[PDB]
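Participant: This one is work35.txt, compact mmCIF, C-alpha atoms and all ligand atoms.
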# COMPACT_ATOMS: atom_id res chain seq x y z
CA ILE S 1 18.52 15.86 11.92
CA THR S 2 21.70 14.90 13.75
CA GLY S 3 21.01 13.29 17.12
CA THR S 4 20.90 10.03 19.01
CA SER S 5 18.49 7.20 18.30
CA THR S 6 15.80 6.81 20.94
CA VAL S 7 12.60 4.83 21.50
CA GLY S 8 9.35 6.62 22.20
CA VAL S 9 5.94 5.24 23.03
CA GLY S 10 2.48 6.31 22.02
CA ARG S 11 -0.95 5.38 20.79
CA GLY S 12 -2.12 5.05 17.22
CA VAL S 13 -5.37 6.08 15.55
CA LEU S 14 -7.22 2.97 16.80
CA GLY S 15 -6.00 3.45 20.38
CA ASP S 16 -3.30 0.78 20.36
CA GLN S 17 0.01 1.34 22.14
CA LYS S 18 3.24 0.95 20.21
CA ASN S 19 6.91 1.82 20.45
CA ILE S 20 8.37 4.09 17.80
CA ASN S 21 11.91 4.89 16.74
CA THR S 22 12.75 8.53 17.36
CA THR S 23 15.78 10.85 17.37
CA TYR S 24 16.77 13.08 20.26
CA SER S 25 18.31 16.51 19.78
CA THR S 26 16.69 18.99 22.18
CA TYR S 27 13.33 17.57 21.05
CA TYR S 28 12.38 14.00 20.23
CA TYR S 29 11.70 13.81 16.50
CA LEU S 30 9.83 11.23 14.45
CA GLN S 31 13.01 10.14 12.73
CA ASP S 32 13.74 6.42 12.71
CA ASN S 33 17.45 5.84 12.05
CA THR S 34 17.21 2.05 12.31
CA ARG S 35 15.98 1.59 8.74
CA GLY S 36 17.95 2.58 5.65
CA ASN S 37 18.67 6.28 5.48
CA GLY S 38 15.79 7.00 7.80
CA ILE S 39 12.03 7.25 8.09
CA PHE S 40 10.87 10.81 8.74
CA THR S 41 7.35 11.88 9.71
CA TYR S 42 6.12 15.48 9.39
CA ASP S 43 3.25 17.64 10.63
CA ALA S 44 1.34 19.39 7.83
CA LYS S 45 -0.75 21.20 10.49
CA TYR S 46 -4.03 21.07 8.54
CA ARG S 47 -2.50 22.92 5.62
CA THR S 48 -1.36 21.79 2.17
CA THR S 49 2.22 23.00 2.06
CA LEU S 50 4.55 19.99 2.08
CA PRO S 51 6.25 18.38 3.82
CA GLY S 52 5.56 20.68 6.76
CA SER S 53 7.69 20.42 9.90
CA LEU S 54 9.60 17.35 11.05
CA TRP S 55 7.51 16.07 13.93
CA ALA S 56 8.92 17.35 17.23
CA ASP S 57 7.83 16.22 20.69
CA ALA S 58 9.09 17.36 24.09
CA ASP S 59 8.98 14.09 26.07
CA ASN S 60 9.08 11.12 23.64
CA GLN S 61 5.53 10.14 24.65
CA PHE S 62 2.93 10.28 21.90
CA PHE S 63 -0.46 9.72 23.55
CA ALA S 64 -2.23 12.92 22.50
CA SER S 65 -5.08 12.63 20.02
CA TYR S 66 -3.14 14.93 17.67
CA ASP S 67 -0.18 12.52 17.83
CA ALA S 68 -2.07 9.40 16.74
CA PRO S 69 -1.89 9.77 12.94
CA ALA S 70 1.83 10.52 13.17
CA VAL S 71 2.50 7.49 15.37
CA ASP S 72 0.84 5.19 12.82
CA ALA S 73 2.32 6.75 9.68
CA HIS S 74 5.76 6.43 11.24
CA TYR S 75 5.30 2.90 12.62
CA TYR S 76 3.57 1.42 9.57
CA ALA S 77 6.21 2.92 7.25
CA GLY S 78 8.68 0.91 9.34
CA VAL S 79 6.67 -2.29 8.92
CA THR S 80 6.43 -1.71 5.17
CA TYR S 81 10.18 -1.08 4.95
CA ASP S 82 10.75 -4.35 6.79
CA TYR S 83 8.45 -6.26 4.44
CA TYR S 84 10.25 -5.09 1.33
CA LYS S 85 13.72 -5.67 2.82
CA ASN S 86 13.05 -9.02 4.50
CA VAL S 87 10.74 -10.55 1.91
CA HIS S 88 12.01 -9.08 -1.39
CA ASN S 89 15.53 -7.93 -0.52
CA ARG S 90 14.55 -4.42 -1.58
CA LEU S 91 16.06 -1.50 0.34
CA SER S 92 13.43 1.26 0.53
CA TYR S 93 11.34 2.37 -2.43
CA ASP S 94 14.27 3.12 -4.75
CA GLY S 95 16.23 -0.01 -3.85
CA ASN S 96 19.03 2.19 -2.48
CA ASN S 97 17.66 3.07 0.96
CA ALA S 98 16.08 6.40 0.01
CA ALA S 99 14.80 8.32 3.03
CA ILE S 100 11.09 7.69 3.53
CA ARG S 101 9.06 10.83 4.26
CA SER S 102 5.40 11.10 5.33
CA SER S 103 3.23 14.07 6.26
CA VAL S 104 0.09 13.74 8.39
CA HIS S 105 -2.71 16.20 9.22
CA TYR S 106 -2.78 17.20 5.55
CA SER S 107 -5.52 19.72 4.78
CA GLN S 108 -8.92 19.68 6.55
CA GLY S 109 -11.44 16.85 6.45
CA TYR S 110 -9.30 15.25 3.78
CA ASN S 111 -10.65 11.84 2.71
CA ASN S 112 -7.56 10.51 0.97
CA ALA S 113 -3.86 9.73 1.09
CA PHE S 114 -1.31 9.82 -1.72
CA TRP S 115 2.28 9.66 -2.91
CA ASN S 116 3.08 13.11 -4.36
CA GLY S 117 6.13 11.98 -6.35
CA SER S 118 8.48 12.50 -3.38
CA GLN S 119 6.67 11.57 -0.16
CA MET S 120 3.55 10.05 1.39
CA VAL S 121 0.69 12.33 2.44
CA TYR S 122 -2.25 11.46 4.75
CA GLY S 123 -5.48 13.30 5.36
CA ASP S 124 -7.30 13.10 8.68
CA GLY S 125 -10.60 12.24 6.96
CA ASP S 126 -13.83 14.04 7.83
CA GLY S 127 -14.76 11.59 10.58
CA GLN S 128 -17.58 10.14 8.46
CA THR S 129 -16.03 8.65 5.34
CA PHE S 130 -12.57 8.22 6.91
CA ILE S 131 -10.73 8.65 10.17
CA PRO S 132 -7.02 9.53 9.85
CA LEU S 133 -5.87 7.32 7.01
CA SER S 134 -2.48 6.32 8.37
CA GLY S 135 -4.42 4.18 10.86
CA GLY S 136 -4.63 1.51 8.16
CA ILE S 137 -1.50 -0.55 7.62
CA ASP S 138 -2.81 -1.58 4.19
CA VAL S 139 -3.23 2.14 3.40
CA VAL S 140 0.33 3.05 4.43
CA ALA S 141 1.76 0.13 2.45
CA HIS S 142 -0.49 1.03 -0.51
CA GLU S 143 1.03 4.52 -0.54
CA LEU S 144 4.65 3.42 -0.17
CA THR S 145 4.06 0.85 -2.90
CA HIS S 146 3.20 3.70 -5.30
CA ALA S 147 6.78 4.90 -4.76
CA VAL S 148 8.11 1.39 -5.48
CA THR S 149 6.07 1.23 -8.67
CA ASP S 150 7.22 4.68 -9.75
CA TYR S 151 10.88 3.67 -9.32
CA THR S 152 10.43 0.35 -11.12
CA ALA S 153 7.73 -0.41 -13.71
CA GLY S 154 6.68 3.24 -13.82
CA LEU S 155 3.08 2.36 -14.70
CA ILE S 156 1.39 5.47 -16.09
CA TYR S 157 -1.49 6.51 -13.81
CA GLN S 158 -4.38 6.13 -16.23
CA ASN S 159 -6.45 3.50 -17.99
CA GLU S 160 -5.14 -0.08 -17.85
CA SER S 161 -1.59 0.71 -16.74
CA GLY S 162 -3.07 2.90 -14.01
CA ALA S 163 -5.41 0.14 -12.86
CA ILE S 164 -2.41 -2.19 -12.64
CA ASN S 165 -0.58 0.52 -10.69
CA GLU S 166 -3.53 0.65 -8.26
CA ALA S 167 -3.84 -3.13 -7.97
CA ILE S 168 -0.12 -3.43 -7.26
CA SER S 169 -0.60 -1.00 -4.34
CA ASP S 170 -3.65 -2.93 -3.06
CA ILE S 171 -1.87 -6.28 -3.45
CA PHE S 172 1.26 -5.26 -1.55
CA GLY S 173 -0.78 -3.23 0.92
CA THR S 174 -2.59 -6.47 1.73
CA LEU S 175 0.56 -8.59 1.80
CA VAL S 176 2.09 -6.10 4.26
CA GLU S 177 -1.09 -6.34 6.36
CA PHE S 178 -0.68 -10.12 6.44
CA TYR S 179 3.03 -9.72 7.23
CA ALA S 180 2.20 -7.69 10.35
CA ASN S 181 -0.51 -10.29 11.09
CA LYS S 182 -3.02 -8.11 12.96
CA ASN S 183 -6.59 -8.70 11.76
CA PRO S 184 -5.40 -9.39 8.21
CA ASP S 185 -7.88 -9.65 5.36
CA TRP S 186 -8.27 -9.10 1.62
CA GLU S 187 -10.22 -5.87 2.11
CA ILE S 188 -8.73 -2.40 1.61
CA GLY S 189 -8.90 0.36 4.21
CA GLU S 190 -11.35 -1.32 6.59
CA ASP S 191 -9.56 0.00 9.70
CA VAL S 192 -10.07 3.67 8.79
CA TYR S 193 -13.13 3.62 6.53
CA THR S 194 -16.59 4.73 7.73
CA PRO S 195 -16.31 4.56 11.52
CA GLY S 196 -20.11 4.56 11.75
CA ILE S 197 -20.42 1.40 9.64
CA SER S 198 -18.96 -1.92 10.76
CA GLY S 199 -17.88 -4.64 8.37
CA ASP S 200 -17.29 -2.59 5.22
CA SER S 201 -14.21 -1.28 3.42
CA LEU S 202 -13.17 0.97 0.56
CA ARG S 203 -12.47 -1.94 -1.79
CA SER S 204 -12.56 -5.71 -1.59
CA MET S 205 -10.01 -7.88 -3.37
CA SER S 206 -11.91 -11.08 -2.60
CA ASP S 207 -15.16 -9.72 -4.03
CA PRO S 208 -14.63 -6.36 -5.74
CA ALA S 209 -18.23 -6.32 -6.93
CA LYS S 210 -19.54 -5.88 -3.41
CA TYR S 211 -18.76 -2.18 -3.94
CA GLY S 212 -19.58 -2.10 -7.66
CA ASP S 213 -15.99 -2.60 -8.81
CA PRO S 214 -15.53 -5.00 -11.76
CA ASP S 215 -14.37 -8.57 -11.19
CA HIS S 216 -14.14 -9.47 -14.88
CA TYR S 217 -12.65 -7.73 -17.91
CA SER S 218 -16.06 -7.65 -19.62
CA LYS S 219 -17.21 -5.26 -16.85
CA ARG S 220 -14.31 -2.83 -17.14
CA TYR S 221 -14.97 0.89 -16.97
CA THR S 222 -13.97 2.76 -20.14
CA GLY S 223 -15.00 6.31 -19.21
CA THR S 224 -12.80 9.21 -18.15
CA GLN S 225 -13.56 9.60 -14.43
CA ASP S 226 -10.84 8.60 -11.97
CA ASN S 227 -8.11 8.71 -14.63
CA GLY S 228 -10.01 6.16 -16.68
CA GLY S 229 -11.12 4.16 -13.64
CA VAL S 230 -7.80 3.35 -11.98
CA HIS S 231 -9.47 2.68 -8.59
CA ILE S 232 -12.32 0.82 -10.30
CA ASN S 233 -10.67 -1.44 -12.86
CA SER S 234 -8.09 -2.37 -10.24
CA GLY S 235 -10.78 -4.79 -9.05
CA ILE S 236 -10.16 -7.01 -12.08
CA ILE S 237 -6.49 -7.44 -11.19
CA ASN S 238 -7.16 -7.54 -7.44
CA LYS S 239 -9.56 -10.44 -8.04
CA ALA S 240 -6.97 -12.27 -10.15
CA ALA S 241 -4.37 -11.81 -7.41
CA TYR S 242 -6.80 -13.01 -4.74
CA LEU S 243 -7.57 -16.11 -6.82
CA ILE S 244 -3.88 -16.86 -7.38
CA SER S 245 -3.30 -16.83 -3.63
CA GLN S 246 -6.52 -18.25 -2.21
CA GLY S 247 -8.06 -20.13 -5.12
CA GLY S 248 -11.73 -20.34 -5.98
CA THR S 249 -14.16 -20.82 -8.84
CA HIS S 250 -15.12 -17.56 -10.50
CA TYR S 251 -17.54 -17.35 -13.43
CA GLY S 252 -17.15 -21.12 -13.68
CA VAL S 253 -13.35 -21.10 -13.88
CA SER S 254 -11.52 -22.92 -11.09
CA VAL S 255 -8.22 -21.65 -9.74
CA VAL S 256 -5.90 -23.66 -7.51
CA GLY S 257 -4.56 -21.31 -4.84
CA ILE S 258 -0.80 -21.21 -4.27
CA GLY S 259 -0.65 -18.93 -1.22
CA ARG S 260 0.30 -15.35 -0.38
CA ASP S 261 4.06 -15.76 -0.39
CA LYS S 262 4.14 -17.08 -3.94
CA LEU S 263 1.66 -14.41 -5.08
CA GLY S 264 4.03 -11.82 -3.67
CA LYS S 265 7.08 -13.34 -5.33
CA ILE S 266 5.37 -13.54 -8.71
CA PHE S 267 3.99 -10.00 -8.63
CA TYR S 268 7.19 -8.47 -7.24
CA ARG S 269 9.17 -10.07 -10.05
CA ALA S 270 6.62 -8.93 -12.62
CA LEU S 271 6.70 -5.38 -11.25
CA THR S 272 10.48 -5.15 -11.20
CA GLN S 273 11.58 -7.19 -14.24
CA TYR S 274 8.76 -7.22 -16.79
CA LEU S 275 6.16 -4.45 -16.50
CA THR S 276 6.76 -1.11 -18.24
CA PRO S 277 5.05 2.28 -18.01
CA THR S 278 2.49 1.34 -20.68
CA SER S 279 1.71 -2.28 -19.73
CA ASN S 280 -1.94 -3.27 -20.20
CA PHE S 281 -3.82 -6.14 -18.53
CA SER S 282 -2.86 -8.65 -21.23
CA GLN S 283 0.78 -7.65 -20.80
CA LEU S 284 0.45 -8.06 -17.03
CA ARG S 285 -0.83 -11.60 -17.59
CA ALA S 286 2.21 -12.34 -19.75
CA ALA S 287 4.54 -10.78 -17.16
CA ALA S 288 3.03 -12.82 -14.32
CA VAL S 289 3.22 -16.03 -16.35
CA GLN S 290 6.85 -15.35 -17.22
CA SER S 291 7.65 -14.46 -13.61
CA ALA S 292 6.07 -17.66 -12.32
CA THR S 293 7.94 -19.59 -15.03
CA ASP S 294 11.25 -18.06 -13.89
CA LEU S 295 10.58 -18.87 -10.24
CA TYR S 296 8.84 -22.26 -10.39
CA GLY S 297 9.21 -23.71 -13.88
CA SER S 298 7.04 -23.87 -16.98
CA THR S 299 5.24 -27.06 -15.89
CA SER S 300 4.59 -25.84 -12.35
CA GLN S 301 1.30 -25.54 -10.52
CA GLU S 302 2.21 -21.90 -9.92
CA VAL S 303 2.27 -21.14 -13.65
CA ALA S 304 -0.97 -23.07 -14.21
CA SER S 305 -2.66 -21.12 -11.42
CA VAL S 306 -1.58 -17.74 -12.80
CA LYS S 307 -3.15 -18.69 -16.15
CA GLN S 308 -6.34 -19.95 -14.47
CA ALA S 309 -6.73 -16.74 -12.48
CA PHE S 310 -6.36 -14.45 -15.48
CA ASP S 311 -8.73 -16.73 -17.44
CA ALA S 312 -11.24 -16.38 -14.61
CA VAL S 313 -11.23 -12.58 -14.86
CA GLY S 314 -11.36 -12.61 -18.67
CA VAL S 315 -7.81 -11.41 -19.35
CA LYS S 316 -6.00 -13.20 -22.18
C1 LIG L 1 -10.10 7.19 -2.42
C2 LIG L 1 -9.12 6.60 -3.42
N1 LIG L 1 -7.78 6.52 -2.86
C3 LIG L 1 -7.14 5.36 -2.68
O1 LIG L 1 -7.59 4.28 -3.08
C4 LIG L 1 -5.82 5.40 -1.95
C5 LIG L 1 -6.08 5.46 -0.45
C6 LIG L 1 -6.83 4.22 0.06
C7 LIG L 1 -5.93 3.00 0.10
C8 LIG L 1 -7.41 4.49 1.45
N2 LIG L 1 -5.08 6.62 -2.24
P1 LIG L 1 -4.19 6.80 -3.65
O2 LIG L 1 -4.61 5.72 -4.62
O3 LIG L 1 -2.64 6.85 -3.34
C9 LIG L 1 -4.67 8.42 -4.28
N3 LIG L 1 -4.08 8.68 -5.58
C10 LIG L 1 -3.82 9.93 -5.95
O4 LIG L 1 -4.10 10.92 -5.29
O5 LIG L 1 -3.13 10.09 -7.20
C11 LIG L 1 -3.19 11.35 -7.88
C12 LIG L 1 -1.81 11.96 -7.85
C13 LIG L 1 -0.96 11.83 -8.94
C14 LIG L 1 0.31 12.40 -8.90
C15 LIG L 1 0.72 13.11 -7.78
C16 LIG L 1 -0.14 13.26 -6.69
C17 LIG L 1 -1.41 12.68 -6.73
CA CA L 2 4.66 14.14 24.06
CA CA L 3 -7.54 -5.85 8.45
CA CA L 4 -7.11 -4.75 4.86
CA CA L 5 -16.43 1.14 8.35
ZN ZN L 6 -3.35 4.23 -4.94
Transcribe the structure of this file into structure tokens.

Facilitator:
Amino acid sequence: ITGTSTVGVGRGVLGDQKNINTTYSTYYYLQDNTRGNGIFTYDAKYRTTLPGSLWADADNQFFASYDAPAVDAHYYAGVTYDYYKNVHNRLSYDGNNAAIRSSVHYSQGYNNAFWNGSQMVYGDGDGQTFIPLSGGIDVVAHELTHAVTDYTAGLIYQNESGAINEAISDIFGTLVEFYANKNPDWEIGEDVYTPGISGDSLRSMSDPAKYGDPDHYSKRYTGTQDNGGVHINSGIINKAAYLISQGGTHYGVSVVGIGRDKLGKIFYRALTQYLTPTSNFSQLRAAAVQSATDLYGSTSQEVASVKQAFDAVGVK
């Protein structure tokens, strides 16, 4: 909408206070004009018609329980935008400052979030498996990263390409979480997963097997559930990415860690310059090796570490 840029204040899903960029025209709307061609957050009002209504508020204060998922979707989309712009020189998900749209309060008791091809969508959870999912910065960045993938590599959402698609979202979700630097870890969704259980998460990148996800190619799922295991086999690539950054010895194979920033550079370059819609794990290895070669040189530690990490997870 046309209006003047304003700054509201509110509380997120976890009860933390934050400022948010809004737009005033009669109402204060969740429309952040400070980033690209805007970040827009919508109310789906417990239904499934999208996007719903652009979030309108009378006083620019967002402290109601109903406001919390909107506050976080809006704010964390901003953080994710900043990560891609500041770290990778990428302007929004399409590289041309496309407007970023999110809807919250999608459906009832909805234990998921997704990119629908045009926008991000967040359930409120059922209060047992999840609380409102936009409360997780890694979750928000995971969803926006699907848009980035779709505009770049275009990894088909099934089987190996789909598992790479998923891992890319977990990897950049985590790198965004570290970028914001509030309780960062290599776990996925811990802030909004199972409020009755402390210390767990939806997935782990550092040890995918803690939740039964594979950490080696020999343990890959080959069935048909979950689009051929896209949220399962992602563990193999998540583990490789974790090893590249942090190092470790895994099934007897030692990896020299090179840090998060270099992991991000290598995977961003792979995603945007080398991967294609049908890339498999072996092709991802080749893309990461080539990307590290471009950035750091063929004889570099970075290239050696990429090879070690894929060796460790059984991907040749
Ligand atoms: C429970 C499994 N879900 C996830 O892993 C994350 C949310 C996590 C990070 C909390 N959500 P996601 O991977 O974006 C869900 N994917 C998904 O719904 O894709 C199917 C689809 C495909 C095309 C259009 C719309 C939906
Ligand atoms: Ca208000
Ligand atoms: Ca965390
Ligand atoms: Ca996390
Ligand atoms: Ca939990
Ligand atoms: Zn995903």

Participant: Give the residues close to ligand CA 2 (chain L), within 10 Å, counting only C-alpha atoms and all ligand atoms; write them as a ChimeraX atom specification.

Facilitator: /S:8-10,27-28,56-64,67

Participant: Can you work out which one of S:135, S:130, S:175, S:261 has the shortest atom-to-atom distance to residue 202 (chain S), counting only C-alpha atoms?

Facilitator: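 For residue 202 (chain S), the nearest of the given residues is S:130.
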
Participant: How would you write, as JSON, numbers by chain, the set of residues no farther than 7 Å from ligand LIG 1 (chain L) when counting all atoms listed in the file?

Facilitator: {"S": [111, 112, 113, 114, 115, 116, 117, 133, 138, 139, 142, 143, 146, 166, 188, 189, 202, 231]}

Participant: With 6 Å as the cut-off and only C-alpha atoms and all ligand atoms counted, what is the closest atom pair between each nearby residue of chain S and ligand CA 5 (chain L)? Distances in Å to one decimal, ordered by chain and number, as CSV.

Facilitator:
residue,atom,partner,partner_atom,distance
S:190,CA,L:CA5,CA,5.9
S:193,CA,L:CA5,CA,4.5
S:194,CA,L:CA5,CA,3.6
S:195,CA,L:CA5,CA,4.7
S:197,CA,L:CA5,CA,4.2
S:198,CA,L:CA5,CA,4.6
S:199,CA,L:CA5,CA,6.0
S:200,CA,L:CA5,CA,4.9
S:201,CA,L:CA5,CA,5.9

Participant: Please return as a ChimeraX atom specification the residues found within 7 Å of ligand CA 3 (chain L), counting all atoms listed in the file.

Facilitator: /S:177,182-185,187,190-191

Participant: Excluding same-chain residues fewer than 3 positions from residue 41 (chain S), what lies within 9 Å of it counting all atoms listed in the file, as a short mmCIF file (atom, residue, chain, number, x, y, z; two decimals) with C-alpha atoms, in the frame of the given file?

Facilitator:
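File around_17.cif, as written:
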data_model
loop_
_atom_site.label_atom_id
_atom_site.label_comp_id
_atom_site.auth_asym_id
_atom_site.auth_seq_id
_atom_site.Cartn_x
_atom_site.Cartn_y
_atom_site.Cartn_z
CA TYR S 29 11.70 13.81 16.50
CA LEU S 30 9.83 11.23 14.45
CA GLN S 31 13.01 10.14 12.73
CA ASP S 32 13.74 6.42 12.71
CA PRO S 51 6.25 18.38 3.82
CA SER S 53 7.69 20.42 9.90
CA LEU S 54 9.60 17.35 11.05
CA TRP S 55 7.51 16.07 13.93
CA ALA S 70 1.83 10.52 13.17
CA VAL S 71 2.50 7.49 15.37
CA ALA S 73 2.32 6.75 9.68
CA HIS S 74 5.76 6.43 11.24
CA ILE S 100 11.09 7.69 3.53
CA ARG S 101 9.06 10.83 4.26
CA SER S 102 5.40 11.10 5.33
CA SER S 103 3.23 14.07 6.26
CA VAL S 104 0.09 13.74 8.39
#

Participant: Kindly indicate which residue among S:169, S:234, S:293, S:249 lies nearest to ligand ZN 6 (chain L), using only C-alpha atoms and all ligand atoms for the distances.

Facilitator: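 Selected residue with least distance to ligand ZN 6 (chain L): S:169.
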
Participant: Between atom ZN of ligand ZN 6 (chain L) and CA of residue 276 (chain S), what distance in Å does the model show, to one decimal?

Facilitator: 17.5 Å

Participant: One decimal, Å: what's the distance from CA of residue 215 (chain S) over to CA of residue 268 (chain S), could you say?

Facilitator: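 Result for CA of residue 215 (chain S) versus CA of residue 268 (chain S): 21.9 Å, one decimal.
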
Participant: Neighbouring residues of residue 256 (chain S) were defined as those with any atom within 8 Å, considering all atoms listed in the file; residues of the same chain fewer than 3 positions away were excluded. Please report them as a list in words.

Facilitator: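 Selected residues are residues 243, 244, 246, 247, 248, 305 and 308 of chain S.
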
Participant: As an exercise, work out the distance from CA of residue 5 (chain S) to CA of residue 78 (chain S) in Å and give it to one decimal place.

Facilitator: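 Distance reported for this atom pair: 14.7 Å.
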
Participant: For residue 274 (chain S), which residue among S:212, S:52, S:259, S:154 is the nearest when counting only C-alpha atoms?

Facilitator: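 Counting only C-alpha atoms, the residue closest to residue 274 (chain S) is S:154.
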
Participant: Given the choices S:263, S:232, S:144, S:176, which gets closest to ligand CA 4 (chain L) if the distance is worked out from all atoms listed in the file?

Facilitator: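 Smallest distance to ligand CA 4 (chain L) is found for S:176.
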
Participant: Pick from S:134, S:299, S:119, S:107: nearest to residue 14 (chain S), with all atoms listed in the file counted?

Facilitator: S:134

Participant: Output as a PDB file, keeping the file's coordinate frame: region 81-98 of chain S, completed with N, CA, C and O atoms.

Facilitator:
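Output file out23.pdb follows:
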ATOM      1  N   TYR S  81       8.760  -0.996   5.256  1.00  0.00           N
ATOM      2  CA  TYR S  81      10.180  -1.080   4.950  1.00  0.00           C
ATOM      3  C   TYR S  81      10.678  -2.491   5.232  1.00  0.00           C
ATOM      4  O   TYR S  81      11.388  -3.098   4.417  1.00  0.00           O
ATOM      5  N   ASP S  82      10.302  -3.021   6.391  1.00  0.00           N
ATOM      6  CA  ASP S  82      10.750  -4.350   6.790  1.00  0.00           C
ATOM      7  C   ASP S  82      10.244  -5.422   5.824  1.00  0.00           C
ATOM      8  O   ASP S  82      10.975  -6.356   5.488  1.00  0.00           O
ATOM      9  N   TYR S  83       8.994  -5.301   5.394  1.00  0.00           N
ATOM     10  CA  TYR S  83       8.450  -6.260   4.440  1.00  0.00           C
ATOM     11  C   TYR S  83       9.286  -6.275   3.171  1.00  0.00           C
ATOM     12  O   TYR S  83       9.718  -7.334   2.707  1.00  0.00           O
ATOM     13  N   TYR S  84       9.517  -5.109   2.586  1.00  0.00           N
ATOM     14  CA  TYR S  84      10.250  -5.090   1.330  1.00  0.00           C
ATOM     15  C   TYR S  84      11.687  -5.588   1.495  1.00  0.00           C
ATOM     16  O   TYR S  84      12.178  -6.319   0.628  1.00  0.00           O
ATOM     17  N   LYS S  85      12.346  -5.219   2.592  1.00  0.00           N
ATOM     18  CA  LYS S  85      13.720  -5.670   2.820  1.00  0.00           C
ATOM     19  C   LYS S  85      13.787  -7.168   3.112  1.00  0.00           C
ATOM     20  O   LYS S  85      14.565  -7.898   2.488  1.00  0.00           O
ATOM     21  N   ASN S  86      12.969  -7.628   4.053  1.00  0.00           N
ATOM     22  CA  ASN S  86      13.050  -9.020   4.500  1.00  0.00           C
ATOM     23  C   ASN S  86      12.482 -10.013   3.505  1.00  0.00           C
ATOM     24  O   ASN S  86      12.996 -11.127   3.370  1.00  0.00           O
ATOM     25  N   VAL S  87      11.417  -9.629   2.812  1.00  0.00           N
ATOM     26  CA  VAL S  87      10.740 -10.550   1.910  1.00  0.00           C
ATOM     27  C   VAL S  87      11.264 -10.463   0.471  1.00  0.00           C
ATOM     28  O   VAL S  87      11.384 -11.490  -0.203  1.00  0.00           O
ATOM     29  N   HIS S  88      11.590  -9.258   0.007  1.00  0.00           N
ATOM     30  CA  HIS S  88      12.010  -9.080  -1.390  1.00  0.00           C
ATOM     31  C   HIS S  88      13.440  -8.586  -1.566  1.00  0.00           C
ATOM     32  O   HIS S  88      13.866  -8.329  -2.690  1.00  0.00           O
ATOM     33  N   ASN S  89      14.173  -8.451  -0.468  1.00  0.00           N
ATOM     34  CA  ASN S  89      15.530  -7.930  -0.520  1.00  0.00           C
ATOM     35  C   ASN S  89      15.592  -6.591  -1.237  1.00  0.00           C
ATOM     36  O   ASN S  89      16.550  -6.305  -1.968  1.00  0.00           O
ATOM     37  N   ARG S  90      14.575  -5.760  -1.012  1.00  0.00           N
ATOM     38  CA  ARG S  90      14.550  -4.420  -1.580  1.00  0.00           C
ATOM     39  C   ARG S  90      14.741  -3.397  -0.466  1.00  0.00           C
ATOM     40  O   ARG S  90      14.025  -3.426   0.537  1.00  0.00           O
ATOM     41  N   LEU S  91      15.706  -2.502  -0.651  1.00  0.00           N
ATOM     42  CA  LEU S  91      16.060  -1.500   0.340  1.00  0.00           C
ATOM     43  C   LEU S  91      15.364  -0.181   0.030  1.00  0.00           C
ATOM     44  O   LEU S  91      15.800   0.582  -0.839  1.00  0.00           O
ATOM     45  N   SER S  92      14.279   0.084   0.756  1.00  0.00           N
ATOM     46  CA  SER S  92      13.430   1.260   0.530  1.00  0.00           C
ATOM     47  C   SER S  92      12.801   1.273  -0.860  1.00  0.00           C
ATOM     48  O   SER S  92      12.918   0.312  -1.615  1.00  0.00           O
ATOM     49  N   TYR S  93      12.120   2.358  -1.199  1.00  0.00           N
ATOM     50  CA  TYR S  93      11.340   2.370  -2.430  1.00  0.00           C
ATOM     51  C   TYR S  93      12.202   2.425  -3.687  1.00  0.00           C
ATOM     52  O   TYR S  93      11.787   1.937  -4.739  1.00  0.00           O
ATOM     53  N   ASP S  94      13.393   3.008  -3.585  1.00  0.00           N
ATOM     54  CA  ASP S  94      14.270   3.120  -4.750  1.00  0.00           C
ATOM     55  C   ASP S  94      15.287   1.984  -4.840  1.00  0.00           C
ATOM     56  O   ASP S  94      16.079   1.932  -5.782  1.00  0.00           O
ATOM     57  N   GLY S  95      15.268   1.075  -3.872  1.00  0.00           N
ATOM     58  CA  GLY S  95      16.230  -0.010  -3.850  1.00  0.00           C
ATOM     59  C   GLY S  95      17.609   0.394  -3.345  1.00  0.00           C
ATOM     60  O   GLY S  95      18.527  -0.422  -3.292  1.00  0.00           O
ATOM     61  N   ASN S  96      17.748   1.656  -2.946  1.00  0.00           N
ATOM     62  CA  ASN S  96      19.030   2.190  -2.480  1.00  0.00           C
ATOM     63  C   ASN S  96      18.869   2.929  -1.154  1.00  0.00           C
ATOM     64  O   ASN S  96      19.619   3.856  -0.842  1.00  0.00           O
ATOM     65  N   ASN S  97      17.884   2.502  -0.371  1.00  0.00           N
ATOM     66  CA  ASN S  97      17.660   3.070   0.960  1.00  0.00           C
ATOM     67  C   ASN S  97      17.315   4.561   0.980  1.00  0.00           C
ATOM     68  O   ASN S  97      17.696   5.270   1.903  1.00  0.00           O
ATOM     69  N   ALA S  98      16.568   5.030  -0.019  1.00  0.00           N
ATOM     70  CA  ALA S  98      16.080   6.400   0.010  1.00  0.00           C
ATOM     71  C   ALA S  98      15.345   6.684   1.315  1.00  0.00           C
ATOM     72  O   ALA S  98      14.599   5.834   1.820  1.00  0.00           O
TER      73      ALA S  98
END
